[PDB]
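Below: one structure, written as structure tokens.
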Amino acid sequence: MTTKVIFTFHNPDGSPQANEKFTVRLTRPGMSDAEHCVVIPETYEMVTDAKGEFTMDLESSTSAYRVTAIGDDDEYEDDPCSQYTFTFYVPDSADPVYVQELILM
Amino acid sequence: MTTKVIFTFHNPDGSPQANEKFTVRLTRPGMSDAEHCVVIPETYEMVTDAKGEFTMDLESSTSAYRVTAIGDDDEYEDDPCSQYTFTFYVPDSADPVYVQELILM
Amino acid sequence: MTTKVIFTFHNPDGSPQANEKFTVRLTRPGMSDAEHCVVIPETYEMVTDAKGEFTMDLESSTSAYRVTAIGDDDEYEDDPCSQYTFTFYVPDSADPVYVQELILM
Amino acid sequence: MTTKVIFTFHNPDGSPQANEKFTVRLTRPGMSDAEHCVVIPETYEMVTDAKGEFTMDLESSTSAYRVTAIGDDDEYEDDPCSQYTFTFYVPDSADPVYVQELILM
Amino acid sequence: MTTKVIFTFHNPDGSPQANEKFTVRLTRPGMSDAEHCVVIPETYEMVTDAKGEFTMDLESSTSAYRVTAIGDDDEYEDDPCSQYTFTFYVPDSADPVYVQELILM
Amino acid sequence: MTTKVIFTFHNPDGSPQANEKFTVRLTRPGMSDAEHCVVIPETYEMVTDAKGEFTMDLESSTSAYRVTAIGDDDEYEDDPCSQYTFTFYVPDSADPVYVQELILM
Amino acid sequence: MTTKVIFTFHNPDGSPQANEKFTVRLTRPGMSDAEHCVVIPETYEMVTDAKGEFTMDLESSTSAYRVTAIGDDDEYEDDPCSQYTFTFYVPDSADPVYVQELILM
Amino acid sequence: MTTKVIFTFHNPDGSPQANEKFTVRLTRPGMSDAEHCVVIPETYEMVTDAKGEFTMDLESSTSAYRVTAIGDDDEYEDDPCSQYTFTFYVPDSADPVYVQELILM
Amino acid sequence: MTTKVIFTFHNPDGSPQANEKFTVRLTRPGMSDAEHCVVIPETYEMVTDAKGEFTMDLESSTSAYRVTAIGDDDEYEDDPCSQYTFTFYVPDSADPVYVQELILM
Amino acid sequence: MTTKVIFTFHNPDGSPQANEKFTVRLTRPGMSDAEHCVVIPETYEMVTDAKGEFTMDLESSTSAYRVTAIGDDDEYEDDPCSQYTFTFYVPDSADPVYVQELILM
Amino acid sequence: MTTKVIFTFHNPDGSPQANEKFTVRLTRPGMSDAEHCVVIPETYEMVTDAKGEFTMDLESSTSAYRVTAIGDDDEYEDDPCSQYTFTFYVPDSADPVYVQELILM
Amino acid sequence: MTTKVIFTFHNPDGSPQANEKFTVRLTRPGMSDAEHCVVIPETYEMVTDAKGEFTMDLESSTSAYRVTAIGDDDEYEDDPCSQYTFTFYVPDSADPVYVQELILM
Amino acid sequence: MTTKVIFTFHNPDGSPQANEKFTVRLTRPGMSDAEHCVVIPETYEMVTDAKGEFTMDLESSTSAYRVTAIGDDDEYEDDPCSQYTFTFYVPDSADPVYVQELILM
Amino acid sequence: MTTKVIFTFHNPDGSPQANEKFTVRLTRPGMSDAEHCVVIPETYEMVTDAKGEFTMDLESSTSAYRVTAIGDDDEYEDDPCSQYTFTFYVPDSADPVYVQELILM
Amino acid sequence: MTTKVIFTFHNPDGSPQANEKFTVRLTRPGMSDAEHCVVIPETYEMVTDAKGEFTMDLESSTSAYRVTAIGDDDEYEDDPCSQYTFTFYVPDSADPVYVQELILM
């Protein structure tokens with residue numbers, strides 16, 4: 001029930017996007033194959049490192065995760081933008097994984 | 001009319017979710033096969049142990065049980081969240097059981 | 001016109017549900033086979049014993065009995081719950097009987 | 001024009017229902033076979049005896065009798081209960097009779 | 001033009017219904033066979049005797065007679081009961097007669 | 001043009017109905033066969049005798065006669081009863097006559 | 001043009017109806033056969049004699065005569081009765097005549 | 001152009017109707033056969049004689065004559081009676097004439 | 001163009017109708033055969049003579065003449081009578097003429 | 001273009017209608033055959049002579065002449081009479097002429 | 001383009017209608033055959049002479065001339081008469097002309 | 001582009017219509033054949049001479065000329081008369097011309 | 001791109017229309033064949049000379065020219081006249097030109 | 001990406017239209033073939049020279065150019081004229097170019 | 001995931017458009033082929049150099065870039081112009097690129 005989630009975040013003109021706050025949280029509870037069946041949503045994690053990389057190894061369920069790394073500003077309903085969060089379903093394997101995106105079809 | 005209900009609750013990034021209050025209660029009364037026919041609803045139980053495990057052995061009926069382990073906050077009808085209770089029907093066997101969930105179909 | 005009505009009431013996690021008040025009462029009058037034709041409703045009985053058992057032997061009619069053993073609280077029409085009474089029709093035999101329930105079909 | 005009307009009234013859990021007031025009255029006048037043709041309604045009788053038995057021998061007509069043995073309480077139209085009177089048509093024979101009921105069909 | 005009208009009135013539980021006032025009256029005038037053609041209505045008679053019997057011998061016409069032996073109470077239109085009068089058409093013979101009733105068909 | 005009109009009036013339980021006022025009157029004028037053609041209405045006669053009999057011999061016409069022997073009471077239109085007058089058409093013969101009634105058909 | 005009009009008026013129970021005023025009058029003028037053609041209406045005559053008889057001999061025309069012998073009382077339109085006048089057309093012959101009435105057809 | 005108009009007027013019960021005023025008048029002017037063509041209406045004549053007879057001899061025209069011999073009373077339009085005038089067309093011959101009436105057809 | 005217009009006017013019961021004023025007048029102008037073509041209306045003439053005769057000899061035209069010999073009374077439109085004028089068309093011949101009337105057809 | 005217009009006017013009962021004013025006038029201008037084509041209307045002439053005759057000789061045109069010899073009275077529109085004028089078209093010849101009238105067709 | 005217009009005007013009973021004013025005027029301008037093409041309307045001329053004759057010689061055009069010789073009176077629109085003017089189209093020839101009228105067709 | 005426009009104006013009864021003002025003016029500009037293509041409207045000319053004649057020689061175009069020789073009076077729109085102007089299109093030739101009119105078709 | 005625009009303006013009765021102001025102006029810009037493609041509108045020129053002639057040589061384009069030589073008066077919209085300007089499209093040749101008009105079709 | 005834009009502007013009657021301000025500006029940005037792909041609009045240039053000529057060599061794109069050489073006056077929306085600007089699309093070649101206009105189709 | 005984005009900006013009449021501020025920014029986040037999958041929008045860059053050239057090498061994604069080099073003025077919604085920004089999708093190659101525009105189709 002472990003799968004490291006290494007990713008790269010070098011965003012501007014080759015620059016590696018060094019230390020910056022990183023956030024992730026489960027959407028709704030889900031059950032994996034047998035041993036890891038529970039998993040209510042919760043949130044954690046900070047920092048991005050110099051190379052722009054983050055890693056954890058609990059993806060075994062069948063629910064969806066949402067990533068909201070970017071910190072920005074917002075106001076009274078007239079700012080439906082400036083936020084660039086993404087979502088990705090939970091992978092199920094024992095190997096390095098990457099991309100695995102669910103952008104607008 | 002006995003069936004142990006061992007379960008695992010290691011929720012965050014591999015962490016085993018040590019001692020925490022655990023609650024369970026019958027929804028409506030039900031009758032099992034012969035010897036255990038009555039069972040009005042009632043509530044009990046506390047603690048989760050270091051490994052996040054709980055066990056009892058009376059599941060023989062045909063009603064539904066609800067689990068509400070997580071303790072959280074709530075207010076005047078504008079908090080339809082923060083609670084992550086689940087439900088599971090009563091299993092009928094003499095062996096260890098697990099998963100046995102009734103999440104949204 | 002005699003039939004003992006032995007029952008078991010061990011409700012919580014194997015516990016036998018020792019002494020507690022027990023109530024039963026006929027709904028409407030009914031007539032049995034010949035010798036026991038009259039039987040207007042009335043109420044009686046207390047105690048449940050350590051094993052949670054009660055016995056009497058007059059079930060011969062064709063009416064319905066209601067059992068309301070549980071003692072609880074109630075208030076002004078905003079408590080349509082906390083009461084877990086059941087009903088059972090009158091059995092007709094000379095032998096130990098059990099279950100014989102009329103829960104929601 | 002004579003027929004004894006022996007009956008049994010052992011109501012609670014085998015108990016014989018000893019002495020208690022007993023009432024009966026003809027509903028409307030009726031005529032029997034020849035010799036006993038008149039019979040305007042009237043009321044009489046008390047006591048039930050230890051065994052719960054009552055006897056009289058004038059049933060020969062074709063009208064209906066009503067029995068109202070139970071004594072109870074009543075109030076201003078908000079007590080359509082607590083009374084458990086019955087009715088029975090007039091039998092025509094020369095022998096012991098019993099049951100002969102007209103409960104809700 | 002004569003016919004005795006012997007009747008029996010032993011009403012309660014074999015009791016012969018001794019002396020009590022007895023009333024009878026013609027409804028409307030009628031004519032018999034020849035010799036007795038006139039008969040305007042009128043009323044008479046008292047007493048019932050120990051055996052509850054009354055006799056007279058003028059029934060020859062074709063009209064209706066009404067019997068109102070029972071004495072009772074009545075009040076302002078809210079007592080459409082307590083009176084148990086009957087009616088019988090005029091018999092035509094020379095012999096003892098009885099029953100000859102016109103109760104609700 | 002003569003016909004005696006003997007009649008009997010023994011009304012109560014064989015009693016002959018002795019002396020009592022008797023009245024008769026022609027309704028409308030009428031003409032008989034030849035010799036007795038005129039006859040305007042008029043009224044007369046009293047007494048009934050011990051046997052209850054009356055006699056006269058002028059019935060020859062074709063009109064109607066009305067008999068109102070009974071004397072009674074009456075008041076303001078709320079007594080459409082207590083009067084038992086009858087009517088009979090005029091017979092035409094020379095012999096004793098009787099009945100000859102015109103009661104409600 | 002002459003025809004005697006003898007009539008009889010013995011009205012009550014054989015009585016001959018002695019002296020009483022008698023009236024007759026032509027309705028409208030009419031003409032007979034030749035010699036007696038004129039005859040405007042007019043009125044005359046009194047008395048009836050012991051036998052109740054009247055005679056005159058001018059009936060030859062074709063009009064109608066009205067007889068109003070009876071004397072009575074009358075008032076303001078609420079007495080359409082008590083008068084028993086008759087009518088008869090004029091006979092044409094030379095012989096005694098009688099009846100010759102025109103009562104309601 | 002002459003025709004005597006003898007008539008008889010013996011009206012009551014053979015009586016000849018002696019002297020009484022007699023009136024006649026032409027309705028509208030008319031012309032006869034040749035010699036007597038003019039004749040505007042006018043009125044004349046009185047008396048009836050003992051026998052009730054009147055005579056004149058000018059009837060030759062084709063108009064109508066009206067006779068109004070009877071003298072009577074009249075008032076304000078509520079007396080459309082008491083007058084018994086007649087009418088007759090003009091006869092054309094030389095001989096005694098009579099009747100010749102025009103009463104209601 | 002001359003035609004004498006002799007006429008007779010003996011009106012009442014043979015009487016010759018002596019001297020009385022006589023009037024005649026042309027209605028509208030008309031033309032005769034040749035020599036007498038003009039003739040505007042005008043009026044003249046008086047007296048009737050003892051025999052009731054008048055004569056003139058100018059009738060040759062084709063118009064109408066009106067004769068109004070009778071003198072009478074008249075008032076405000078409620079006397080459409082009492083005047084008995086006549087009319088006659090103009091005759092055309094040479095001989096005595098008479099009648100020649102135009103009374104209502 | 002000359003034609004004498006001799007006429008006669010002896011109007012009353014043969015009388016010649018001596019001297020009286022006579023009037024004539026052309027209605028509308030008209031043209032004759034060649035030599036006399038103009039003729040606007042104008043009026044002239046008086047007197048009638050003893051014989052009632054008038055003469056002139058210019059009738060050659062095709063228009064209408066009106067003659068109004070009679071002198072009379074008239075008032076405010078309630079006298080559409082008393083005037084007896086006539087009209088005649090213009091004759092065309094050389095000879096005595098007469099009649100030649102245009103009275104109502 | 002010359003044509004004398006001699007005319008005669010002897011109007012009354014042969015009289016020649018001596019000296020009187022005479023008027024004529026062109027209605028609207030018109031053109032003749034070649035040499036005389038212009039001719040705007042204008043008015044002239046007086047006197048009629050003893051014989052009633054007038055002459056001029058310019059009629060060559062195709063327009064209409066109006067003659068209004070008669071002098072009369074007129075007032076405010078209630079005199080549509082007393083004027084007897086005529087009209088005539090222009091003749092085209094070299095010879096005496098006459099009539100040539102355009103009276104109402 | 002020259003054409004003399006000699007005309008004659010002897011209007012009254014042969015009179016030559018000596019000296020009088022004469023007016024002419026082009027309606028709208030027009031173009032002739034080549035050499036004379038322009039010709040905006042303008043007005044000129046006076047006098048008529050003793051014979052009533054006028055002459056000019058520029059008619060070569062295709063427009064319309066209007067002649068208004070007559071001098072008269074006019075007032076506020078209630079004088080749609082007294083003016084007798086004419087119109088004529090431009091002739092195209094080299095010779096004397098005349099008539100050439102455009103009066104109402 | 002040169003074309004002389006000689007014209008003649010001898011307007012009145014042969015008169016040559018000596019010196020007078022002459023105006024011309026391009027309506028809208030247009031392009032000729034190649035070398036002379038531009039030509040925005042502008043205005044110039046005066047004088048007409050004794051013969052009434054004007055000349056210039058730039059007509060090569062395809063637009064329209066307007067000529068407004070006549071000088072006149074005008075006022076507030078109630079003078080839609082007195083101006084006799086014309087228009088002509090641009091000719092394209094190398095030779096004398098004339099007429100070339102665009103008067104109302 | 002170079003193309004000289006020589007043009008001629010000799011506008012009035014052959015005159016070369018010497019020095020005058022000249023303006024040109026790109027309407028909207030456009031891209032040429034490869035090397036010259038950008039070209040946002042901008043404005044420049046003055047003077048026209050004696051011959052009325054202007055030259056530049058950057059026309060390579062596919063957008064539209066507008067020329068507004070003429071200087072004039074304008075006011076508040078009631079002067080939609082006096083300006084004679086033109087437009088021309090960008091030519092693509094290496095040679096002298098001219099005309100190349102987009103006047104109203 | 002590198003592609004240099006060399007461009008040329010020589011805008012006016014051959015001039016190279018030397019140093020001027022240059023701006024570019026990603027519209028929305030997008031993912032490239034594998035290694036460069038993230039790229040949230042951000043903005044950077046200044047200066048244009050003497051030749052008008054800019055270069056960077058991160059275009060590997062599939063989103064859109066917007067270029068807003070020109071600096072201008074703007075005001076309250078009544079200046080929907082003066083800005084000449086463009087857009088271009090992200091190219092995917094390893095070579096010099098140019099044009100690659102998305103101007104109005």
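Naming works like this for the structure tokens: A, B, ... for the chains as they're shown, residue 1 at the start of each chain, ligands 1 onward in shown order.
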Put chain I on top of chain L with a least-squares fit on all C-alpha atoms, paired in order, and send it back as an mmCIF file with C-alpha atoms, in the first residue's frame.
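Saved as selection.cif:
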data_model
loop_
_atom_site.group_PDB
_atom_site.id
_atom_site.type_symbol
_atom_site.label_atom_id
_atom_site.label_comp_id
_atom_site.auth_asym_id
_atom_site.auth_seq_id
_atom_site.Cartn_x
_atom_site.Cartn_y
_atom_site.Cartn_z
ATOM 1 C CA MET I 1 -31.058 77.276 -84.713
ATOM 2 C CA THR I 2 -33.288 80.110 -85.927
ATOM 3 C CA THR I 3 -37.040 80.034 -86.550
ATOM 4 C CA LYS I 4 -39.208 83.144 -86.739
ATOM 5 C CA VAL I 5 -42.354 82.926 -84.629
ATOM 6 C CA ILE I 6 -44.740 85.291 -86.442
ATOM 7 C CA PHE I 7 -48.270 85.179 -85.015
ATOM 8 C CA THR I 8 -51.569 87.042 -85.357
ATOM 9 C CA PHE I 9 -53.672 88.374 -82.486
ATOM 10 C CA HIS I 10 -56.712 90.073 -84.010
ATOM 11 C CA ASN I 11 -59.127 89.189 -81.220
ATOM 12 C CA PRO I 12 -62.361 91.281 -81.218
ATOM 13 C CA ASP I 13 -64.858 91.242 -84.118
ATOM 14 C CA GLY I 14 -62.103 91.640 -86.709
ATOM 15 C CA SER I 15 -60.192 94.333 -84.788
ATOM 16 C CA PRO I 16 -56.401 93.881 -85.048
ATOM 17 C CA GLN I 17 -55.592 94.402 -81.328
ATOM 18 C CA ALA I 18 -53.014 97.187 -81.631
ATOM 19 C CA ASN I 19 -50.127 97.964 -79.284
ATOM 20 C CA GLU I 20 -50.245 95.973 -76.041
ATOM 21 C CA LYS I 21 -47.600 94.439 -73.797
ATOM 22 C CA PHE I 22 -46.431 90.945 -74.750
ATOM 23 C CA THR I 23 -44.562 88.521 -72.488
ATOM 24 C CA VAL I 24 -42.845 85.167 -73.037
ATOM 25 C CA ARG I 25 -40.473 83.062 -70.948
ATOM 26 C CA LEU I 26 -38.829 79.639 -71.054
ATOM 27 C CA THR I 27 -40.142 77.142 -68.504
ATOM 28 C CA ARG I 28 -37.072 74.963 -67.874
ATOM 29 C CA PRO I 29 -33.620 74.789 -69.494
ATOM 30 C CA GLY I 30 -33.158 72.573 -72.525
ATOM 31 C CA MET I 31 -30.639 71.620 -75.188
ATOM 32 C CA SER I 32 -31.053 71.850 -78.964
ATOM 33 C CA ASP I 33 -29.152 70.043 -81.719
ATOM 34 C CA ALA I 34 -25.464 70.664 -80.945
ATOM 35 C CA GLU I 35 -24.596 74.342 -81.410
ATOM 36 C CA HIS I 36 -27.329 75.800 -79.174
ATOM 37 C CA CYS I 37 -27.134 73.531 -76.098
ATOM 38 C CA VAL I 38 -27.660 75.521 -72.862
ATOM 39 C CA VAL I 39 -30.617 77.967 -72.719
ATOM 40 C CA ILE I 40 -31.561 78.696 -69.109
ATOM 41 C CA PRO I 41 -35.001 80.351 -68.763
ATOM 42 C CA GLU I 42 -35.375 84.130 -68.940
ATOM 43 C CA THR I 43 -38.036 86.683 -69.893
ATOM 44 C CA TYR I 44 -38.265 89.676 -72.221
ATOM 45 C CA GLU I 45 -40.260 91.475 -74.945
ATOM 46 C CA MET I 46 -43.029 94.150 -75.022
ATOM 47 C CA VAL I 47 -45.502 95.649 -77.553
ATOM 48 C CA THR I 48 -47.740 93.792 -80.034
ATOM 49 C CA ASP I 49 -47.875 96.303 -83.028
ATOM 50 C CA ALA I 50 -51.033 97.443 -84.827
ATOM 51 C CA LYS I 51 -51.555 94.123 -86.639
ATOM 52 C CA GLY I 52 -50.937 92.154 -83.442
ATOM 53 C CA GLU I 53 -47.709 90.427 -84.450
ATOM 54 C CA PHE I 54 -44.481 89.412 -82.718
ATOM 55 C CA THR I 55 -41.342 87.760 -84.074
ATOM 56 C CA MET I 56 -38.148 86.177 -82.772
ATOM 57 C CA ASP I 57 -35.929 83.394 -84.063
ATOM 58 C CA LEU I 58 -34.240 81.272 -81.380
ATOM 59 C CA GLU I 59 -36.628 78.313 -81.148
ATOM 60 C CA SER I 60 -34.334 75.310 -81.557
ATOM 61 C CA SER I 61 -34.526 73.521 -78.196
ATOM 62 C CA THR I 62 -36.890 70.798 -76.943
ATOM 63 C CA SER I 63 -38.347 72.552 -73.878
ATOM 64 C CA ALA I 64 -41.662 74.386 -73.471
ATOM 65 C CA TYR I 65 -42.404 78.101 -73.790
ATOM 66 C CA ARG I 66 -45.246 79.932 -72.057
ATOM 67 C CA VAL I 67 -46.975 83.061 -73.366
ATOM 68 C CA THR I 68 -48.724 85.447 -70.955
ATOM 69 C CA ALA I 69 -49.530 88.501 -73.108
ATOM 70 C CA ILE I 70 -52.796 89.479 -71.418
ATOM 71 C CA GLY I 71 -52.543 91.865 -68.477
ATOM 72 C CA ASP I 72 -55.260 91.501 -65.866
ATOM 73 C CA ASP I 73 -56.023 91.588 -62.135
ATOM 74 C CA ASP I 74 -55.776 88.918 -59.439
ATOM 75 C CA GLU I 75 -56.327 88.637 -55.690
ATOM 76 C CA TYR I 76 -56.057 86.233 -52.742
ATOM 77 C CA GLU I 77 -56.636 82.833 -54.341
ATOM 78 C CA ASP I 78 -60.293 83.614 -55.085
ATOM 79 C CA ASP I 79 -59.488 84.627 -58.676
ATOM 80 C CA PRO I 80 -58.472 81.445 -60.526
ATOM 81 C CA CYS I 81 -59.363 83.197 -63.778
ATOM 82 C CA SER I 82 -58.946 86.422 -65.815
ATOM 83 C CA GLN I 83 -55.599 85.039 -66.982
ATOM 84 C CA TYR I 84 -55.466 83.427 -70.413
ATOM 85 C CA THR I 85 -51.840 82.350 -70.801
ATOM 86 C CA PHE I 86 -50.952 79.522 -73.175
ATOM 87 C CA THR I 87 -48.025 77.183 -73.768
ATOM 88 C CA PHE I 88 -46.251 75.821 -76.831
ATOM 89 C CA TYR I 89 -43.289 73.510 -77.321
ATOM 90 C CA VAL I 90 -40.198 74.707 -79.173
ATOM 91 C CA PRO I 91 -40.423 74.192 -82.955
ATOM 92 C CA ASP I 92 -37.380 73.060 -84.916
ATOM 93 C CA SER I 93 -37.157 74.358 -88.490
ATOM 94 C CA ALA I 94 -36.112 77.253 -90.760
ATOM 95 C CA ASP I 95 -39.395 78.681 -92.068
ATOM 96 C CA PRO I 96 -42.369 80.755 -90.885
ATOM 97 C CA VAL I 97 -44.429 78.938 -88.257
ATOM 98 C CA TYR I 98 -47.831 79.577 -86.718
ATOM 99 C CA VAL I 99 -50.565 77.972 -84.571
ATOM 100 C CA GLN I 100 -48.424 75.270 -82.911
ATOM 101 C CA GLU I 101 -50.622 75.192 -79.814
ATOM 102 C CA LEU I 102 -50.959 72.921 -76.773
ATOM 103 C CA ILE I 103 -54.472 73.778 -75.555
ATOM 104 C CA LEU I 104 -56.319 71.283 -73.318
ATOM 105 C CA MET I 105 -56.329 67.953 -75.166
#
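Taking chain B and asking which residues DSSP calls strand (DSSP E or B) on the backbone, you get residues 24, 25, 26, 31, 37, 43, 44, 64, 65, 66, 67, 86, 87, 88 and 89 of chain B.
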